[PDB]
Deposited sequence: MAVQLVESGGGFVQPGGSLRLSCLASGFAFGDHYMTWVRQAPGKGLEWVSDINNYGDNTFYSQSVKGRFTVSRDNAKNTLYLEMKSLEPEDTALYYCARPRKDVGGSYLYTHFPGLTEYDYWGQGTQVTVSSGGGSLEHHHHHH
């Protein structure tokens, strides 16, 4: 009934990373999924949403970044390219409860994966 991010670490300005989020416990197909950002001692910043099937993806002002979903492998991915130092924060996988893209009431999220460019 949970969500576990993975991937990320330290990379250099202009480097890359592909974060993953293995869902579990729920019908991964029936839900949109989200990426949010949290730098330390700041609020949540919304990064992206993706629809049930994967053909509609909504991003913020950071296209640098692509969201993907493999509803068979119950995995949500985020391929991050052309990283800047300002892209450093903790990166969260999160499921909205019940498309205007952006922050909303999330009923489940993960523990985070640290990205420090």
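Trainee: Could you sort out which parts of the deposited sequence are absent from the coordinates (no C-alpha) and give them as ranges from 1?
Mentor: Comparing the full sequence with the modelled residues, the uncovered ranges come out as 1-2, 67-68, 103-111, 131-144.
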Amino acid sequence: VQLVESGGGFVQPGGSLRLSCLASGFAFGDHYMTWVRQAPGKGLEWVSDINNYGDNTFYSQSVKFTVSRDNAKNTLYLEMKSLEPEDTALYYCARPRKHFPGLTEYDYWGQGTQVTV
From here on, numbers count along this sequence of modelled residues.
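Trainee: Once you work out the mean C-alpha B-factor for both 12-20 and 100-108 from the entry, which is higher?
Mentor: Stretch with the greater average CA B-factor: 12-20.
Trainee: Can you tell me which of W46, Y53, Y91, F65 has the maximum CA B-factor listed in the PDB entry?
Mentor: In this record, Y53 carries the highest C-alpha B-factor of the candidates.
Trainee: In terms of the CA temperature factor given in the entry, to which third of its chain does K42 belong: lowest, middle or highest?
Mentor: It falls in the bottom third of the chain.
Trainee: Ordered by C-alpha B-factor within the chain, which third holds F28? Give me lowest, middle or highest, please.
Mentor: As the PDB entry reports it, the C-alpha B-factor of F28 lands in the middle third of its chain.
Trainee: How does the C-alpha B factor of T34 compare with the rest of the chain: lowest, middle or highest third?
Mentor: Within its chain, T34 is a lowest-third residue by C-alpha B-factor, going by the deposited values.
Trainee: Taking the entry's C-alpha B-factors for this chain, is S82 in the lowest, middle or highest third?
Mentor: Highest third - that is where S82 ends up once the chain's C-alpha B-factors are sorted.
Trainee: Ordered by C-alpha B-factor within the chain, which third holds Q61? Give me lowest, middle or highest, please.
Mentor: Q61: CA B-factor falls in the highest third of its chain.
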